[PDB]
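Chains as they are written, first to last, in the authors' numbering: chain E, 14 to 111, 119 to 496; chain F, 16 to 108, 121 to 496; chain A, 15 to 115, 118 to 154, 157 to 250, 253 to 495.
Each residue gets a CB set at the ideal place from its N, CA and C atoms; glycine is no exception.
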Amino acid sequence: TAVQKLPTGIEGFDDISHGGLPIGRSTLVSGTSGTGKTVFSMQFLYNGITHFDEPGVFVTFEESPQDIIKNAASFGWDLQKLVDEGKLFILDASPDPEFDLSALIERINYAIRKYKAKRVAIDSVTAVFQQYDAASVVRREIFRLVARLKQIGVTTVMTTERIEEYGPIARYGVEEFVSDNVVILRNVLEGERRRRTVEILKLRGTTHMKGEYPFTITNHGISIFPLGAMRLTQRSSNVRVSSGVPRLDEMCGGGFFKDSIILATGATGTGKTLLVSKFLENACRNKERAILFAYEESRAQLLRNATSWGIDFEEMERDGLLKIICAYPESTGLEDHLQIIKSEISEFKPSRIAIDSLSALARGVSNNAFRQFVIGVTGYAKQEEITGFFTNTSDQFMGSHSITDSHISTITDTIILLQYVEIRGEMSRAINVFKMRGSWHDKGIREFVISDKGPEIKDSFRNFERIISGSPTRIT
Amino acid sequence: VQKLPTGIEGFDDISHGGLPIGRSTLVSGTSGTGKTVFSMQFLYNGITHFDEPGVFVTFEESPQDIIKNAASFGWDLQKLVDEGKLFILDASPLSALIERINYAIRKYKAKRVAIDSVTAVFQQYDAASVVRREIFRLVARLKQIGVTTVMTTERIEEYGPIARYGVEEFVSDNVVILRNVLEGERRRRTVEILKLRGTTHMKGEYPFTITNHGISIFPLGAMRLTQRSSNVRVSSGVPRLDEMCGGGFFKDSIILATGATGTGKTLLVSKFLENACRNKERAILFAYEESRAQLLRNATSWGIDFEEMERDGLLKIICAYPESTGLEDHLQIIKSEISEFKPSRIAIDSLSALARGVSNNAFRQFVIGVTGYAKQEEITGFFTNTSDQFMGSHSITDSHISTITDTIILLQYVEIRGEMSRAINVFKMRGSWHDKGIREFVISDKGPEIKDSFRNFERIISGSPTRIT
Amino acid sequence: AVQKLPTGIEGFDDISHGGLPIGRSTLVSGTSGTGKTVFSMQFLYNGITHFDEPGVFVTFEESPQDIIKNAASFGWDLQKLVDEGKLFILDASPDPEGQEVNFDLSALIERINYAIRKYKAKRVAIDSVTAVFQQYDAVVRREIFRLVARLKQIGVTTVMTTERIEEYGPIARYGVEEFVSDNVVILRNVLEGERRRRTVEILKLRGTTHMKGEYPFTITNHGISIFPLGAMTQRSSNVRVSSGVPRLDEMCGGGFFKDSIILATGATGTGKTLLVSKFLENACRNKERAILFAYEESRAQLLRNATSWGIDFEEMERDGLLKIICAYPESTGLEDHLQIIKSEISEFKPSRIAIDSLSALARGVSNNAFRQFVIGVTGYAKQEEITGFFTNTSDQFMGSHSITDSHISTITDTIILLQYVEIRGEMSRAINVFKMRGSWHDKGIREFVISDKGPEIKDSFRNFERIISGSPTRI
Ligand SMILES: Nc1ncnc2c1ncn2[C@@H]1O[C@H](COP(=O)(O)OP(=O)(O)NP(=O)(O)O)[C@@H](O)[C@H]1O
Ligand SMILES: Nc1ncnc2c1ncn2[C@@H]1O[C@H](COP(=O)(O)OP(=O)(O)NP(=O)(O)O)[C@@H](O)[C@H]1O
Ligand SMILES: Nc1ncnc2c1ncn2[C@@H]1O[C@H](COP(=O)(O)OP(=O)(O)NP(=O)(O)O)[C@@H](O)[C@H]1O
Ligand SMILES: Nc1ncnc2c1ncn2[C@@H]1O[C@H](COP(=O)(O)OP(=O)(O)NP(=O)(O)O)[C@@H](O)[C@H]1O
Ligand SMILES: Nc1ncnc2c1ncn2[C@@H]1O[C@H](COP(=O)(O)OP(=O)(O)NP(=O)(O)O)[C@@H](O)[C@H]1O
Ligand SMILES: [Mg+2]
Ligand SMILES: [Mg+2]
Ligand SMILES: [Mg+2]
Ligand SMILES: [Mg+2]
Ligand SMILES: [Mg+2]
Ligand SMILES: [Mg+2]
């Protein structure tokens, strides 16, 4: 007879809550303005009706029912229908535009019975206390409301308000301790960018995932990405795919594995976009779909620079085997980027993917949040059986030294190292398969030349030393 | 939830269309952020562009002061007031006020309203509960009438509470935060849309500037990677370099010349703009290091006369110190001067100068800004960067500015036989073959003379090479 | 359109883009000892002495006698101006003995009004408005608005002094004054390390433009003097001057330029001060005035070390062609240092100048502050067409292992690079004209020897590699 839970239906919340929200109990969902308290509370009710056939009541202390309905239309929720079918009831407790909570408790109970409601949402409880002038019996009244609802036996969501993101959990510093369950929505301003996070602080009598988890409000409501939950569990096969460059495929011991993450690390101009461009060509030639995620160059530039290499991307676009998705890294946050990726993938249903580049997306953002992105993208592709080619521009121009994020290096199956080499007063370029995981790879640091045809991988600088430096020395 | 176009330059992009119609939007900020401007600009555009009358509720600032202050932006509000398009309700010493607004709304058939400042109307004793109940009224009543409102609120802190009483945010359907952050000894204006209930919006802060045209927002995010790209070449002025670039620079490209002090970046800039005026192409030089006088002289020593170019009306030398203004302003200056002169080529000497006393993320927003604006307007951009190490040549514009540039010319010193020789190298050239040689070049009265490469040397990049065998 | 009134305070009219809006009230807030009372007195004083605009100064504490007395330090005979009826100080100080009581400012309004007309005052100053409430209770917003409006009707440009508790905190005390005032100026005395820095910021000028951010100022005998770097043209000529060393002149294509900023960079004891000494010796040899600004060595030592190089500074000090201004960097702030330099240049009217060294002035200061110093000094020298030889000591001993770590390279026109070089188990020296804008320069890392006669630049190290490292190798 332990605390059983009720599915919310919100992508990720049931995972981080190890089931859902405790049944017959109230959950405080606190946050600042614009965190997604109302969306969460509505989505809890909406998913109740549509998925589980559980009617719900929505208590509003300010926002008009008509306004609540119009705001949900963005998500594609016809709340007018649910209202017209007695599946949703919006109790208007908003003041007229022209003391102890007890009457309202009666009105709610009447409604719950009338519409046979199993879920309730109250938004916001902090309002009535201010709207009137309590700020003195907050604990008493919140305790009453919680207790009376426990009697009715309804799963409740209570919206609270905060001022500071990493400050007190609520306004009166009392609502948290009365509530059985506490969830915190945050919208943290880092640099000049916001990040939405959800935390389940407390679930009395049950287990939950601790810490903040990133989420996004899309046209499908709140979508949490259980970064921690996503488990290391894939398929992995010895099936190979080609790079579009034959000598490289020989250097990779037949070609890239289908279930793989490929990284091309090198200085600027080393020729990473060409490797990417050839990898997508190969897909479209083998009658496979692919998506290019550009974060550095426009389509026009990509198309031009490709046609110089002799790769017609438009023909692939027209054929329906290629989709170039161009966007500035600061066009949104890494959280939304990953969603746009995941969404675009689901639509086109690609076999191969390419992000150009990762170093561009790591502009300004913390090394932590970037790690979360990489793992998120890496994991999605390996789970969805999509081969992934990633690019990374090294800051050091000469040779190679290391990788910015140690996470990337260990999260990639294959590492292609492009570098520059000074040979007889000329800037040569060299390619090397540094890592393959599960195959033989050529252990050579081979010269290559970029031409109108593309990459021409030549032989190793055998008669040179200190090639990794970028400034070698010929040894007779 | 449909939206009304504000007409504010960049806001309708950040807000994904504009402000929701019929609803009220809270615009909070400290003094001098630009709340009254936004509110005036909102109404102004309402009537001049969309033929929507507006009512402006003032609580302290006199009607005539509002008209006097607006004149700076070039807004004849009195003309509009006379023509019965704008009404300024003077509430300077809520049911009563609301009744007066409703009357004014109908009297002028107004579709937009601006209330500034609401915090002042509660500046008696009204506290928390009173403010929440009272604001709720105003917002609700305004919603009933059928008018799109902009409501001004005050802050005491830039990254603290959004308003005063910590109540106005939760009541309002829409929240916009205006900030003026003192970063060191320079202020930076920024707009953030925190909340737009019922629809989507661009999140995060975005920089803006109050100009003689009012609030002008330049979103780095809304900037789409959707510029054009051609195979049309343009010359550097140095023919050996054009041959090294496989015909020349591209018309649709950003050029970077990186190197130590005295390596000759400004010479390459001089010859670049010389070629432009030689082909009757208009060009601007945004100089942040030297002065017009010293540039003219040092160019004349190179056999380059900027004075004639300027007289012809093809060259514009804009000199300014990086510390004179913030990077947000500098960008507005660059954009503005470009829009007037309509140049085909542009030059910034140097980017490294503008980086002095600024964050990497701010300088990134700047570079990303200018780069993009040049590419979208089809303007060739020769940028310069001075490396701090004068021989090591370890990195180039070490701030991820390389991924933004299409061409990289690396200038360096080379220690040959106890002499300090120079070298030029086309490091990168997207979409073209480039000479892979680290060619020696010598500056003269005539200019840069690119010679042959150091074949019989090693460790050239180090700056201290070794003669082989 | 909002017209502005020239304050007369040095720099304020530049940062205010004209001055203070006419017929409008300006708030000038700051902590204790920021110069709020100075600014206000200076506003009125200048008003009278420059534009024949009478003024009225309202005090709620300090007696007229004291205000007149304190102003004497700036050389302002306010009693003269009071006697002529050009200035009036309305004493509204609390009665020595009395009792207390809502508060209304209707009484003072009419007292100020009366005096305004009586003295025909164009300018007015209130100091400090905070005190008048800090003597009873806080109505502030309403009472502030009342005064601003009444004074607006009268059409007098007013300065309202207000007091703060923290430097980077609330603009005023009660969190209201700011919003009610049309114009806001924040004076700050920021404590960094253990040194104070005075800064002016115009936060807001309704209906007008202004320079944003903080700008440094100093309070002297002249009063408040603000130094906007953004306000700053420098002309250029192909006229050569000599370094004092004939070989270096050759290496610099026939000498330094008259319109140039020379920088000498190197490790300690590489010989920057010798080149400085020779540079100045030439000016005096060509009957030209020069000033040496030293921040490392005393006058006595400089002279001793100079005479050991065969340079008599005393004769040129006596002949009135040389002024040696010695002072520690920590004696003042860079804001002050710069004003000492500008002032000393204005007096002597030199043709050449020298700072020995810039590296010393950078000690224990903000990188931003030191930048603003160099941009200022270098700008003023180029402005007045004064040739400037600056010194910089690199912390790295051997060779030019790294460059100048201060981002000065872009300002300096000529860069002389002194370095050490180990040759056959012995520390040698070297000179190189690294940069020379507008001239050919010898591109050679020439050996150079110091002696009793002074510098002897010699031949290059042609038979050596890795010279710049400081540890070469014989080919
Ligand atoms: N269709 C949509 N797509 C993307 N984002 C959306 C969409 N609809 C709403 N949003 C976002 O969700 C916000 C509304 O969240 P909401 O749940 O109303 O916040 P809240 O925390 O309840 N606000 P408050 O009542 O002031 O405390 C909007 O301001 C947008 O940022
Ligand atoms: N048509 C061409 N012929 C020969 N070489 C070319 C051609 N186009 C490009 N290149 C070479 O390839 C480089 C650009 O390759 P690219 O794949 O864009 O590299 P990258 O590492 O992705 N560059 P970046 O994004 O700026 O860091 C140029 O600098 C040239 O060296
Ligand atoms: N008349 C001339 N004859 C020969 N060389 C000259 C002449 N004028 C200038 N130079 C050379 O040009 C160099 C300066 O070139 P410039 O274009 O100013 O380089 P830069 O790297 O842009 N300098 P900076 O802005 O100080 O970092 C000098 O160091 C000289 O070697
Ligand atoms: N013509 C103009 N050109 C440029 N900037 C201007 C112009 N007019 C006003 N400004 C700027 O805008 C500021 C005034 O903006 P405004 O909207 O009146 O401030 P506010 O934030 O409403 N002040 P407050 O009511 O006290 O909280 C001035 O201080 C200037 O910085
Ligand atoms: N009579 C002399 N004969 C030879 N060499 C001398 C003589 N007097 C001084 N020197 C040299 O000159 C050096 C000091 O030169 P100076 O111009 O003071 O250099 P600096 O770089 O300015 N030194 P510092 O201020 O400590 O960083 C000494 O270390 C000696 O090597
Ligand atoms: Mg809400
Ligand atoms: Mg690339
Ligand atoms: Mg205002
Ligand atoms: Mg230059
Ligand atoms: Mg005082
Ligand atoms: Mg010395």
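Is E:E442 a contact residue of ligand 2, with contact defined as CB to any heavy atom under 7 Å?
Taking the first sequence and counting its residues from 1, one reaches residue 442 of chain E at position 422. Relative to the non-hydrogen atoms of ligand 2, the Cβ of E:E442 never comes closer than 7 Å to any of them.
Please tell me whether F:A249 and F:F417 are closer than 8 Å, where the distance is taken between their beta carbons.
For this step, residue 249 of chain F is matched to residue 222 along the second sequence. For this step, residue 417 of chain F is matched to residue 390 along the second sequence. No, the Cβ-Cβ distance between F:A249 and F:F417 is not below 8 Å.
With 8 Å as the threshold, decide whether the Cβ of E:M447 is near any Cβ in chain F.
For this step, residue 447 of chain E is matched to residue 427 along the first sequence. With 8 Å as the cut-off, E:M447 counts as an interface residue toward chain F.
Rounded C-beta distance between E:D109 and E:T73? I'm assuming under 8 Å.
Against the first sequence, residue 109 of chain E aligns to sequence position 96. Against the first sequence, residue 73 of chain E aligns to sequence position 60. Actually they are not in contact, since the Cβ atoms of E:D109 and E:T73 sit about 14 Å apart, beyond 8 Å.
Helix, strand or coil at F:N201 according to DSSP, with G and I counted as helix
Looking up residue 201 of chain F in the second sequence gives position 174. Here F:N201 sits in strand by DSSP.
Inter-residue Cα distance where the pair is E:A131 and E:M178
On the first sequence, position 111 is the one that residue 131 of chain E refers to. On the first sequence, position 158 is the one that residue 178 of chain E refers to. Distance between the alpha carbons of E:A131 and E:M178: 17 Å.
For a minimum of 4 consecutive residues, which ranges assigned as the alpha helix (DSSP H) are wholly contained in the region 323–394 of chain F?
Counting whole runs of 4 or more residues, the region 323–394 of chain F contains the alpha helix (DSSP H) stretches 333–339, 354–368 and 378–381.
Opening and closing residue of the alpha helix (DSSP H) in which F:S156 lies
Taking the second sequence and counting its residues from 1, the one referred to as residue 156 of chain F is at position 129. Secondary structure note for F:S156: its alpha helix (DSSP H) is the uninterrupted segment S156 to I172.
Give the DSSP-derived three-state secondary structure of E:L92 in the structure shown.
Taking the first sequence and counting its residues from 1, one reaches residue 92 of chain E at position 79. Residue state for E:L92 is assigned as helix, using DSSP reduced to three classes.
Flag E:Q321 as yes if its beta-carbon sits less than 8 Å from any beta-carbon of chain F, otherwise no.
The residue you call residue 321 of chain E lines up with position 301 of the first sequence. With 8 Å as the cut-off, E:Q321 counts as an interface residue toward chain F.
Given F:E316, which residues of its chain have a CB within under 7 Å of its CB, disregarding the five upstream and five downstream residues?
Counting from 1 along the second sequence, the entry for residue 316 of chain F is found at position 289. Correct list, in chain order: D376, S377 and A380.
Nearest to E:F276 (by Cα), restricted to the options E:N388, E:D120 and E:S459:
Taking the first sequence and counting its residues from 1, one reaches residue 276 of chain E at position 256. Of the listed residues, the one whose Cα sits closest to E:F276 is E:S459.
Taking the alpha-carbon positions, what's the E:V157 to F:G225 distance?
For the purposes of this step, residue 157 of chain E is taken as residue 137 along the first sequence, with counting starting at 1. For the purposes of this step, residue 225 of chain F is taken as residue 198 along the second sequence, with counting starting at 1. Taking the straight line from one Cα to the other gives about 33 Å.
How would you label F:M447, buried or exposed, when you count the other beta carbons within 10 angstroms and need 16 or more for buried?
Position 420 of the second sequence, counting from 1, holds the residue named residue 447 of chain F. Under this definition F:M447 is a buried residue.
Between F:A147 and F:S54, what straight-line distance do the alpha-carbon atoms span, to the nearest angstrom?
Here residue 147 of chain F is taken as the residue at index 120 of the second sequence, counted from 1. Here residue 54 of chain F is taken as the residue at index 39 of the second sequence, counted from 1. Taking the Cα positions, F:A147 is about 16 Å away from F:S54.
Kindly indicate which three-state DSSP category F:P475 falls into: helix, strand or coil?
The residue labelled residue 475 of chain F in the question sits at position 448 within the second sequence. Three-state result, F:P475: strand.
What are the start and end residues of the alpha helix (DSSP H) that includes A:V194?
Locating residue 194 of chain A in the third sequence gives position 176, counting from the first residue. Looking at the DSSP string, A:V194 is not in any alpha helix (DSSP H), and its letter there is neither H nor E.
So, using beta-carbon positions, are A:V145 and A:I128 closer together than 8 Å?
By 1-based counting over the third sequence, the position of residue 145 of chain A is 129. By 1-based counting over the third sequence, the position of residue 128 of chain A is 112. Not in contact: A:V145 and A:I128 (Cβ atoms no closer than 8 Å).
Beta-carbon proximity check, F:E364 vs F:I345, cutoff 8 Å
Working through the second sequence from its first residue, we reach residue 364 of chain F at position 337. Working through the second sequence from its first residue, we reach residue 345 of chain F at position 318. For F:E364 and F:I345, yes; Cβs fall inside 8 Å.
Could you pull the DSSP bridge partners for F:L104 from this structure?
The residue you call residue 104 of chain F lines up with position 89 of the second sequence. As a beta-bridge residue in DSSP terms, F:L104 pairs with F:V72.
Would you please verify whether the beta carbon of residue 13 of chain F is less than 8 Å from any beta carbon of chain E?
Outside the shown range of chain F (16 to 496) lies residue 13 of chain F, about which nothing can therefore be said.
Strictly under 8 Å for the Cβ-Cβ distance: is A:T226 near chain F by that measure?
As a position in the third sequence, residue 226 of chain A is number 208, starting the count at 1. Residue-level contact check: A:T226 touches chain F, since one or more beta carbons of chain F fall below 8 Å from its beta carbon.
According to DSSP, E:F313 sits in a beta bridge with which residue or residues?
The residue given as residue 313 of chain E occupies position 293 in the first sequence. Under DSSP, E:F313 takes part in a beta bridge, and its partners are E:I345 and E:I375.
Beta-carbon separation (whole angstroms), F:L58 vs F:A141, contact threshold 8 Å:
Counting from 1 along the second sequence, the entry for residue 58 of chain F is found at position 43. Counting from 1 along the second sequence, the entry for residue 141 of chain F is found at position 114. Confirmed, Cβ separation roughly 5 Å.
Terminal residues of the continuous beta strand (DSSP E) containing A:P78?
Taking the third sequence and counting its residues from 1, one reaches residue 78 of chain A at position 64. Per DSSP, A:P78 belongs to no beta strand (DSSP E); it is in the alpha helix (DSSP H), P78 to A85.
At the 8 Å Cβ level, is A:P349 part of the contact set with chain F, yes or no?
By 1-based counting over the third sequence, the position of residue 349 of chain A is 329. No, A:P349 lies away from the interface with chain F (no Cβ there is under 8 Å from its Cβ).
Assign F:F333 to one of two classes, buried (16 or more other C-beta atoms within 10 Å of its C-beta) or exposed (fewer than that).
Counted from its first residue, the second sequence places residue 333 of chain F at position 306. F:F333 is buried by the Cβ-count criterion.
Three or more C-beta pairs under 8 Å: does that hold for the region 475–483 of chain E against the region 291–301 of chain E?
Yes, since at least three Cβ pairs between the region 475–483 of chain E and the region 291–301 of chain E fall closer than 8 Å, the two stretches touch.
Using 7 Å as the cut-off, classify the Cβ of F:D376 as near or not near the heavy atoms of ligand 9, replying yes or no.
Numbered from 1 along the second sequence, position 349 holds the residue referred to as residue 376 of chain F. Short note on F:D376: C-beta closer than 7 Å to some heavy atom of ligand 9.
Using a cut-off of 7 Å between C-beta atoms, extract the partners of A:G248 located in chain F.
As a working note, residue 248 of chain A is residue 230 in the third sequence. For A:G248, the neighbours in chain F by C-beta distance under 7 Å run, in chain order, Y348, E350, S351 and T352.
Length of the line joining the Cα atoms of E:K278 and E:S257:
What you label residue 278 of chain E is simply residue 258 of the first sequence in a count that begins at 1. What you label residue 257 of chain E is simply residue 237 of the first sequence in a count that begins at 1. Rounded to the nearest angstrom, the two C-alpha atoms are 7 Å apart.
Count Cβ pairs between the region 421–433 of chain A and the region 297–305 of chain A that sit closer than 8 Å; are there 3 or more?
Remark: fewer than three beta-carbon pairs, one from each stretch, lie closer than 8 Å, so the region 421–433 of chain A and the region 297–305 of chain A are not flagged as touching.
Where does A:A190 land, buried or exposed, given buried means 16+ other C-beta within 10 angstroms?
If you number the third sequence from 1, residue 190 of chain A lands on position 172. The Cβ neighbour count for A:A190, taken over all protein chains shown within 10 Å, is at least 16; the residue is labelled buried.
Within this structure, are the beta carbons of E:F481 and E:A450 separated by less than 8 Å?
Looking up residue 481 of chain E in the first sequence gives position 461. Looking up residue 450 of chain E in the first sequence gives position 430. Yes, the Cβ-Cβ distance between E:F481 and E:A450 is below 8 Å.
Roughly how many whole angstroms lie between the Cα atoms of F:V397 and F:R324?
Translated into positions along the second sequence, residue 397 of chain F becomes position 370. Translated into positions along the second sequence, residue 324 of chain F becomes position 297. Looking at the two C-alpha atoms, the distance is approximately 28 Å.
Run the CB neighbour count on E:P35, radius 10 Å, all protein chains shown included, and call it buried at 16 or more, exposed below.
Here residue 35 of chain E refers to the residue found at position 22 when the first sequence is read from its first residue. Residue burial annotation: E:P35 is buried, with at least 16 other C-beta atoms found within 10 angstroms of its C-beta.
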